[PDB]
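Notes for the one structure printed next.
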Amino acid sequence: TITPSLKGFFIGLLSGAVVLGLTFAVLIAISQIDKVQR
Amino acid sequence: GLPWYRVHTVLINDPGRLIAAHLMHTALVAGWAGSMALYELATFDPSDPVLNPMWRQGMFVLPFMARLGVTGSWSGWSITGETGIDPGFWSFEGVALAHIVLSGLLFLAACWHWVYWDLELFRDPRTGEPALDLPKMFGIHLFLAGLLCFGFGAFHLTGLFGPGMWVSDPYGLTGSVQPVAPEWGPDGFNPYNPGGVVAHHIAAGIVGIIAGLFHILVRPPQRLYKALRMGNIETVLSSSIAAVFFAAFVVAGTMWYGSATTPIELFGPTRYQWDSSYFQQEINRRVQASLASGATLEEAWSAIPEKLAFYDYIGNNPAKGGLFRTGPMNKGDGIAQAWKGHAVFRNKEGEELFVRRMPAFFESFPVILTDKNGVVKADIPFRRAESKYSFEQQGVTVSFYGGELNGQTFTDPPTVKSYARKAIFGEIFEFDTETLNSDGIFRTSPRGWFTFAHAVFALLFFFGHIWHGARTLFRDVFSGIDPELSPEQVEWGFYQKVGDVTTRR
Amino acid sequence: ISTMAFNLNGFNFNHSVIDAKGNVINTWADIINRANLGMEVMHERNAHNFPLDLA
Amino acid sequence: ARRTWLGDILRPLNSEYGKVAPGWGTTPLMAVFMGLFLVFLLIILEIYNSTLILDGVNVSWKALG
Amino acid sequence: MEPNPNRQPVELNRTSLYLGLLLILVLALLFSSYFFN
Amino acid sequence: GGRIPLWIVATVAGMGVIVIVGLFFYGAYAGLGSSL
Amino acid sequence: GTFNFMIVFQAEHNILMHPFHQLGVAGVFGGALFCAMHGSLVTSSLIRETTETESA
Amino acid sequence: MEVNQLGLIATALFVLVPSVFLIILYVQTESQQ
Amino acid sequence: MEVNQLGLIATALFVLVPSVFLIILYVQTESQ
Amino acid sequence: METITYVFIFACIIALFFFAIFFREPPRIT
Amino acid sequence: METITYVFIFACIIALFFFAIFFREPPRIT
Amino acid sequence: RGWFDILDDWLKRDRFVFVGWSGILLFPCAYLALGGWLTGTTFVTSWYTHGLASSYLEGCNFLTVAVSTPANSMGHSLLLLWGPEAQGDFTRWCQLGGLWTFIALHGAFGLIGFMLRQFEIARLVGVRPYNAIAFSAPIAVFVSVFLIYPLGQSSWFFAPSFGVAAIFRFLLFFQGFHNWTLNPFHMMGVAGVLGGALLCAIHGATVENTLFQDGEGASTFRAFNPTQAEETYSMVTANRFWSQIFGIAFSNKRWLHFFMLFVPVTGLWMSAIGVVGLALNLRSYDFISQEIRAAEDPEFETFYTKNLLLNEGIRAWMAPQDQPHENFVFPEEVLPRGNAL
Amino acid sequence: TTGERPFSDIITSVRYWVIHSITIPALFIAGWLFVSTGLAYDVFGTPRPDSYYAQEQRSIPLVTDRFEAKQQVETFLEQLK
Amino acid sequence: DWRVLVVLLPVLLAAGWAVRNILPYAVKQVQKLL
Amino acid sequence: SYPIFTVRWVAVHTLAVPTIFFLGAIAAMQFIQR
Ligand code: CLA
Ligand code: CLA
Ligand code: CLA
Ligand code: CLA
Ligand code: CLA
Ligand SMILES: C=Cc1c(C)c2cc3nc(c4c5[nH]c(cc6nc(cc1[nH]2)C(C)=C6CC)c(C)c5C(=O)[C@@H]4C(=O)OC)[C@@H](CCC(=O)OC/C=C(\C)CCC[C@H](C)CCC[C@H](C)CCCC(C)C)[C@@H]3C
Ligand SMILES: CC1=C(/C=C/C(C)=C/C=C/C(C)=C/C=C/C=C(C)/C=C/C=C(C)/C=C/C2=C(C)CCCC2(C)C)C(C)(C)CCC1
Ligand SMILES: CC1=C(/C=C/C(C)=C/C=C/C(C)=C/C=C/C=C(C)/C=C/C=C(C)/C=C/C2=C(C)CCCC2(C)C)C(C)(C)CCC1
Ligand code: OEY
Ligand SMILES: [Cl-]
Ligand SMILES: [Cl-]
Ligand SMILES: [Fe+2]
């Protein structure tokens with residue numbers, strides 16, 4: 001049913017998710033504080 | 001004038017003649033399919049699906065016909081070896097004729113669309129310019145694709161209205177076209193489960209109908225239209241090429257590792273079956289159990305079907321060929337006639353010895369015999385003067401169980417060595433080398449040739465994707481950069497955001 | 001090529017890694033050496049009567 | 001340009017060239033299907049690769065019977 | 001019905017002919033040994 | 001702001017490299033990897 | 001013959017582990033790289049002087 | 001030598017077909033100016 | 001059938017060469 | 001026949017050289 | 001090979017026929 | 001003026017290192033492939049996958065250090081850190097070859113990122129994207145050699161290992177087992193790499209020796225101005241020179257620089273195709289006609305037969321230590337050897 | 001030209017060398033210790049000079065199983081203990 | 001284990017030292033960010 | 001008026017910080033004995 005490797009899969013999926021979202025949380029913040037004028 | 005490498009760009013704004021080009025391409029492909037089959041039928045020998053199956057004969061389209069259920073000839077034979085059948089119209093011959101008639105009919109339609117290029121249909125009613133609404137075209141074609149995909153799985157593969165598909169046991173011994181029930185659980189994603197293929201087409205077909213319907217009714221977002229140049233038919237060529245090389249990689253992969261749709265009676269064994277000794281394990285499982293259950297050695301091996309023994313031979317390993325070694329595998333080692341028997345080597349102490357099998361990597365390989373534990377006890381020496389394990393010194397003999405040589409033993413050293421030389425290839429077979437003037441060098445199988453071609457085309461189409469995508473996205477500078485680009489847009493710091501002229505400081 | 005003509009040859013790290021006991025711990029240089037050895041012993045298979053190919 | 005009976009029938013299917021939904025339209029929803037499809041291809045790949053191992057999924061020829 | 005306005009002349013200059021023939025002859029010289037095998 | 005003269009930075013940086021690289025070549029002869 | 005020469009050279013001189021051969025490879029890989037770079041960089045910045053129907 | 005008999009036709013066509021194509025395009029280019 | 005396998009190349013060239021001649025002359029005629 | 005083929009191709013290349021050099025499109029200024 | 005060759009030539013002629021009827025130089029009345 | 005646009009703004013600012021949307025894929029993956037290689041080559045062994053030492057820690061030097069491929073028993077396992085092989089244990093993951101797949105896969109996505117960067121910057125600056133297109137050749141080589149080749153083989157074990165001497169071993173494997181020098185796709189690659197180096201040298205030298213005198217000094221570098229309109233060297237004198245020395249010369253600067261893109265890119269593309277053939281052991285190993293003659297005629301000898309003897313020595317002498325998982329035991333008497341050696 | 005401080009001007013600045021005359025040897029010492037303490041061996045699983053073979057062993061402890069490989073090297077490592 | 005503090009201690013002091021020499025200037029830069 | 005912490009700063013120290021640390025580890029190694 002729910003085997004070690006499937007738990008490992010979900011582990012990988014959440015780590016990737018953490019990483020990409022945290023990356024984008026940072027990028028979205030900086031881009032708001034330091035805007036180009038125009 | 002146009003350079004040679006651009007002559008076909010004259011179709012880019014000519015939907016009619018584009019359709020005529022596409023029709024002509026489709027005709028040529030359908031014609032090839034018909035011509036290839038007819039050549040294959042003129043050269044195929046159906047008299048022995050055991051030792052001279054199609055994959056030994058360099059048959060390339062025949063197995064794809066057989067995969068989806070075409071198995072007989074109007075001549076009365078079938079690829080499973082049963083005789084007396086009537087296949088009806090949809091024999092190999094009839095499939096070939098249909099593709100030829102199709103090619104012919106496509107050819108005429110092509111003429112008509114080339115002459116009557118100027119159809120009002122292809123004109124934007126607002127501007128009078130030629131214009132293809134590609135977003136809606138996608139929805140329409142996608143919807144069609146979903147219907148056909150669904151029908152193929154729902155009716156052809158199931159046998160509700162169709163023949164099914166080729167299936168077999170795990171050792172490729174009893175294949176046939178059978179209807180297949182969808183596997184809806186997680187094992188339908190297993191590549192070796194044929195019911196997964198049924199489920200895939202039914203489910204994906206329905207998703208294609210829904211997406212189709214979405215793409216006919218819902219207009220693309222402005223942001224995406226402009227980002228992907230959806231007014232530019234070359235953005236379709238770019239993404240279409242991308243999808244094609246993706247698909248080409250997938251089909252190369254499953255051909256090489258094997259799946260439910262590349263069965264070994266149509267394409268031959270995989271190299272991995274040799275690596276893992278797949279057939280040797282099974283063969284020994286059977287002898288081992290023939291013997292526990294009483295039988296003699298002669299009897300346990302005589303029970304081994306020749307078709308299974310023939311898989312356990314490296315000359316059918318697809319990883320043993322060469323690029324320029326052309327033609328059918330039979331042109332190399334010959335036409336297999338008979339299993340000679342399983343060869344059992346003993347030294348002078350009566351120990352059973354094992355020939356180390358050649359790995360696929362090696363064009364040549366030395367002859368080394370071992371005991372059940374892996375210790376070297378005999379070999380064919382290169383340098384004789386210090387040899388200690390020669391067959392002459394170890395008094396090596398070969399006995400045969402099953403097959404043609406069953407119950408025969410050889411003791412003369414050159415004969416024993418000679419079967420030892422062949423035993424590195426696995427099981428030992430008698431070949432007809434004269435009929436084709438076989439040269440004795442291994443060639444690859446249709447499994448090998450198909451993987452090679454498709455992996456190569458895939459890689460080349462990756463460059464196609466890159467080229468035409470660049471061309472879609474940089475159409476405005478294809479001919480060169482703007483002659484009044486000023487250094488301020490290119491030098492550093494002038495603009496906060498690169499290329500964005502509204503961001504000076 | 002011009003200096004290997006005077007037999008000042010590529011770096012030789014054959015058996016340069018050994019363990020606390022003095023076992024040889026092969027590196028990729030040792031694997032290269034096994035290939036070189038296969039070339040050496042087979043080239044001009046009939047020409048050498050004596051055990052070292054000094055030119 | 002030449003009008004044909006079939007041309008007039010298909011006419012409205014090639015009549016909306018250039019029409020777009022405003023702004024981002026359905027892009028957020030596309031991204032969801034894209035992300036789901038990725039995970040699903042991941043699973044399919046890792047099943048074939050044997051780094052996803054599942055009960056009753058024997059990735060072997062021996063799953064023909 | 002008008003003549004089709006998309007038609008275009010095709011060119012191959014003399015240098016491109018020389019380059020192309022060299023390509024083909026050198027390709028033939030390289031592969032022929034493998035074709036004869 | 002510009003207190004250390006650049007030529008001095010270069011020489012000390014220069015000798016720093018020579019030192020470490022020289023150590024690595026010394027170690028080709030001593031210890032692990034020396035054949036001894 | 002060329003291949004026979006390079007195989008025997010490797011066995012008698014270990015040319016691959018010789019730094020001057022390693023510099024040749026850098027000279028040749030590098031030379032092909034910079035050929036591609038420079039040809040692609042000039043070609044990318046050609047000034048528009050032609051139409052899409054003719055060779056740039 | 002026991003060489004592939006089709007090598008010849010393969011080589012001949014490999015040379016002739018692409019060459020004839022280039023010649024066709026060159027000569028008709030020249031008949032323009 | 002034990003036919004002459006130079007017959008393939010002789011037939012092939014018998015067709016190809018003079019036809020290519022004809023085509024070359026027609027196409028350069030059409031472009032002037 | 002293989003020898004004839006190889007030499008023929010080489011011979012064609014050598015003739016091509018002749019035309020490429022002495023019957024080139026002559027470069028012309030501005 | 002010989003059958004393919006005879007069939008191919010025959011098939012080229014049928015294709016010549018088509019072009020020579022339908023893609024002839026139209027005769028016109030100067 | 002939504003967030004997506006604001007991020008676009010920030011990603012595309014002119015700064016010392018441009019970032020871009022493509023930076024999001026490129027920079028993490030390039031940094032990780034590179035760091036994986038420097039981490040493995042400094043600290044990680046190959047003892048359990050290859051029977052080899054392969055780091056500075058172990059006593060190797062820059063030439064012999066490597067991040068070695070996984071054991072042949074791993075097949076084509078992704079060898080994810082969290083996968084069933086390593087089971088999340090960093091250490092075992094290192095010892096089983098996990099860094100090989102880490103580098104190769106992150107390298108792959110980095111390469112994609114780098115080519116997306118070439119596309120991204122070219123669009124922002126307004127130039128044609130021919131530098132990206134050119135970069136397709138490196139990509140083709142990398143995937144064909146590091147991904148497709150071993151995927152056709154029994155395992156990742158037979159891919160190149162990421163190291164200097166390990167690659168040298170990969171060269172010699174291909175000679176002995178595939179006879180790769182005999183392969184016409186490798187030959188076209190050689191001609192493209194050597195042809196490219198030639199072009200690079202001959203073009204640079206020609207410009208440097210057809211220069212116009214645009215300054216009074218003996219260093220001629222000072223006398224160029226990047227915004228000058230005038231060509232800085234004479235195409236005319238260059239063309240007459242080479243026409244008289246070589247017989248032909250370039251007359252079209254555009255074609256010249258396109259050819260300089262074309263030659264090395266194509267050569268690399270051809271060699272990729274041939275390595276795809278070798279993924280399947282689809283070799284140009286032999287010439288059948290030679291073997292039939294030499295089998296029958298023991299006086300017939302060519303450089304082709306001479307080189308196969310060499311391949312045969314290579315295979316038998318390197319195979320047991322190079323393929324430890326096969327447990328090849330070749331006793332002395334079976335090794336091929338000429339006289340005396 | 002992009003508005004970051006020029007490198008030339010940074011590595012001659014007194015403030016710069018005041019920080020990096022500490023940060024650069026601290027990292028050099030840091031990495032030294034990683035080795036001198038033996039931590040690098042244990043983190044990475046790299047054998048010490050004395051732990052490649054067991055005493056009378058001349059067998060490579062080669063991994064031979066895919067999903068049991070973790071257990072294999074664990075066994076090989078106790079065959080030293 | 002304990003070697004991890006040996007290893008990390010210098011780098012923290014390096015980070016500490018650099019934290020203190022630069023802090024006044026690092027806060028001027030953050031002020032300028034609106 | 002120059003920023004201190006930039007994207008540039010970060011890319012610099014991304015590479016330079018572990019370089020030095022790695023150099024120190026590789027320095028210790030020349031004294032390892034079998
Ligand atoms: C590609 C898209 C797709 C589609 C259309 C389906 C469709 C289906 N799946 Mg499959 N599935 C997919 C992908 C897909 N799956 C993938 C990628 C996996 C991972 C391996 C699975 C794993 C999976 C399992 C394990 C099972 C199914 C099942 C089902 C069926 C419906 C079950 C139900 O009513 O629950 C609602 C289902 C949906 C709303 C759609 C799919 C939702 C996910 C994919 C699975 C739900 C699991 C379910 C709760 C477990 C019940 C059994 C339990 C004892 C373990 C249906 C035929 C079940 C079945 O038929 O039994 C054999 C089942 O047990 N699927
Ligand atoms: C996907 C394509 C494909 C595949 C996989 C096959 C597979 C097969 N065919 Mg089929 N075939 C195909 C297409 C295909 N065919 C087509 C299109 C035709 C019509 C031309 C045929 C006609 C055909 C016949 C007539 C026969 C086969 C036969 C066979 C078998 C032997 C093949 C062999 O020896 O190849 C040999 C392959 C090579 C020698 C490799 C050639 C590729 C060269 C090296 C590349 C060219 C390089 C290029 C010039 C580089 C320049 C690039 C640069 C300058 C930019 C095999 C099962 C044979 C058989 O046994 O059938 C019974 C047979 O007799 N095929
Ligand atoms: C669906 C596939 C597809 C389609 C429809 C096109 C269509 C087009 N290409 Mg793209 N392209 C593709 C795949 C495709 N390409 C792939 C896979 C590659 C990588 C090789 C390219 C690389 C490419 C380049 C580099 C260029 C084009 C250009 C063009 C345009 C002009 C081409 C022309 O006139 O050829 C004229 C061709 C000839 C007169 C003869 C070609 C002879 C070839 C070399 C050998 C023939 C092989 C034979 C027919 C077998 C068929 C192939 C087999 C795979 C089935 C046209 C829009 C050109 C362009 O953009 O112009 C603006 C251009 O410069 N294409
Ligand atoms: C990726 C792998 C790789 C790479 C990139 C290289 C790269 C190189 N190798 Mg190494 N090599 C390798 C693997 C590799 N090798 C392996 C595996 C081995 C071991 C088996 C060797 C063994 C090896 C040896 C033994 C030698 C090389 C040499 C070379 C160089 C050859 C190019 C050259 O000499 O240009 C230089 C240019 C020329 C040689 C040509 C001069 C041309 C003359 C002046 C004019 C000719 C005119 C012509 C006849 C007519 C044309 C006119 C026309 C009308 C016909 C180059 C640095 C060679 C080298 O360093 O030689 C100096 C060499 O001898 N390598
Ligand atoms: C951003 C660029 C990037 C990319 C493209 C990759 C790509 C990869 N990495 Mg690398 N990695 C990165 C950055 C990156 N990494 C960073 C920043 C780190 C430092 C932490 C690492 C550390 C790292 C390690 C340590 C390893 C990899 C590995 C891998 C491979 C497998 C990744 C995988 O399976 O994803 C799986 C996950 C995804 C694809 C995520 C999909 C996200 C979906 C769309 C959202 C899901 C949301 C969630 C489920 C919902 C919430 C749940 C609920 C509880 C609320 C792959 C080549 C592995 C490898 O190389 O094996 C050899 C490996 O072992 N990476
Ligand atoms: C071994 C030869 C070789 C190397 C090392 C090399 C290197 C490079 N070529 C580049 C570019 C190019 N190469 C081109 C053509 C060519 N390049 C060639 C051969 C090479 N090119 C050849 C022969 C050609 C001719 C066609 C072009 C046209 C370009 C460019 O435009 C580009 C450039 O800017 O040039 C100046 C750069 C791309 C930077 C990058 O992706 O960073 C990002 C780094 C990433 C994504 C990490 C990749 C990691 C790799 C793939 C795996 C890990 C590698 C290990 C860390 C190191 C292992 C080393 C051991 C094996 C010894 C990089 C400097
Ligand atoms: C008219 C008509 C008709 C008829 C038809 C026909 C008769 C057709 C045929 C057709 C066909 C008969 C076709 C064929 C085709 C073929 C082709 C199309 C081929 C192709 C090929 C290729 C392309 C190849 C290439 C190559 C080579 C050569 C070498 C190797 C590589 C490659 C593979 C690349 C009919 C009665 C029905 C109907 C009415 C009308
Ligand atoms: C893997 C991994 C990871 C990551 C990692 C990394 C990222 C790292 C980095 C690393 C690095 C980053 C390192 C560095 C190093 C460095 C080095 C070690 C250097 C050296 C050099 C030298 C030695 C030099 C010298 C010289 C010479 C010799 C000559 C010339 C001159 C010169 C000076 C240059 C993670 C965590 C995610 C987890 C998982 C795994
Ligand atoms: O490498 Mn080996 O070394 Ca120079 O010679 Mn002695 O053998 Mn022979 O002649 Mn050519 O070759
Ligand atoms: Cl020799
Ligand atoms: Cl001697
Ligand atoms: Fe230039």
Side-chain angles (χ1 to χ4, degrees), chain B residues 463 466-467 470 481 490, chain G residues 19-47 56, chain L residues 17-18 26 30 34 107 110-111 113-122 125 127-142 144-145 164 167 186-211 219-221 224-226 231-235 238-239 241-242 246 249-250 252-272:
Chain B
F463 182 88
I466 289 305
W467 177 249
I481 72 163
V490 134
Chain G
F20 281 9
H21 183 257
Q22 289 163 11
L23 295 161
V25 174
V28 148
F29 282 172
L33 198 179
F34 302 137
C35 191
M37 282 297 308
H38 177 64
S40 76
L41 290 182
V42 171
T43 301
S44 300
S45 56
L46 291 187
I47 316 196
Chain L
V17 190
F18 176 93
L26 167 63
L34 179 62
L111 287 174
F114 191 84
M115 180 165 191
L116 286 180
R117 186 184 180 76
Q118 298 169 313
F119 276 122
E120 180 158 40
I121 287 164
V125 169
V127 296
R128 308 162 86 202
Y130 287 87
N131 172 240
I133 293 159
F135 195 71
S136 63
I139 280 172
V141 164
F142 177 82
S144 68
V145 169
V164 173
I167 288 283
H186 183 253
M187 304 173 167
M188 292 190 266
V190 168
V193 171
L194 297 174
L198 181 161
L199 282 168
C200 186
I202 210 168
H203 178 56
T206 298
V207 165
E208 281 305 287
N209 286 286
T210 56
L211 287 181
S219 163
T220 56
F221 297 105
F224 179 87
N225 169 38
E231 61 175 2
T232 196
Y233 64 101
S234 176
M235 191 70 26
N239 168 275
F241 176 78
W242 286 114
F246 199 46
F250 290 103
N252 190 300
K253 268 201 183 233
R254 282 173 184 224
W255 163 246
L256 189 161
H257 289 88
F258 171 87
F259 196 69
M260 287 188 75
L261 181 172
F262 178 89
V263 167
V265 165
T266 299
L268 250 57
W269 267 96
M270 288 308 94
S271 50

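Below, all heavy atoms of this structure are taken into account, side chains as well, without hydrogens, waters or symmetry copies. Just so we're on the same page: letters track the sequence lines, and every chain starts at 1.
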Residue pair [X] / [Y], side-chain heavy-atom distance below 4.5 Å:
X	Y	answer
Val42(G)	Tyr130(L)	no
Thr210(L)	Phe241(L)	no
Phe119(L)	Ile466(B)	yes
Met187(L)	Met270(L)	no
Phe259(L)	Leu256(L)	no
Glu208(L)	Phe221(L)	yes
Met260(L)	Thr43(G)	no
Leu116(L)	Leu26(L)	no

Find the distance between [atom1] ([X]) and [atom2] ([Y]) and round it off to the nearest 0.5 Å.
X	Y	atom1	atom2	value
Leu211(L)	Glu231(L)	CG	CD	11.0 Å
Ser44(G)	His257(L)	OG	NE2	11.5 Å
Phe18(L)	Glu120(L)	CZ	CD	4.5 Å
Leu46(G)	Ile481(B)	CG	CD1	8.0 Å

Before we go on, tell me: are the rings of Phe250(L) and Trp242(L) under 6.0 Å apart, centre to centre?
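For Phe250(L) and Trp242(L), the ring centres are not under 6.0 Å apart.
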At their closest point, which heavy atom of [X] faces which heavy atom of [Y], and how far apart are they?
X	Y	value
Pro138(L)	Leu268(L)	N-CD2, 4.0 Å
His203(L)	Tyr233(L)	CE1-OH, 3.7 Å
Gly31(G)	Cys200(L)	O-CB, 3.3 Å
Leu199(L)	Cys35(G)	CB-SG, 3.6 Å
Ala32(G)	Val193(L)	CB-O, 3.7 Å
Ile133(L)	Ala470(B)	CD1-CB, 4.3 Å

Under a 3.5 Å cutoff, is there a donor and acceptor pairing between the side chains of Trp269(L) and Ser136(L)?
yes
Is a donor on one side and an acceptor on the other found under 3.5 Å between the side chain of [X] and the backbone of [Y]?
X	Y	value
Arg254(L)	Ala56(G)	yes
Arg128(L)	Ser40(G)	no
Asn239(L)	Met235(L)	no
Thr266(L)	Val263(L)	no

For atom CZ of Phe224(L), decide whether the heavy atoms of other residues, nucleotides or ligands shown that lie under 6.0 angstrom number more than 12.
yes
Sequence-distant partners of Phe135(L), ring pair (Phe, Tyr, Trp, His ring centres under 6.0 Å), two or more places apart
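Ring pair (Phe, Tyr, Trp, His ring centres under 6.0 Å) check on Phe135(L) returns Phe114(L).
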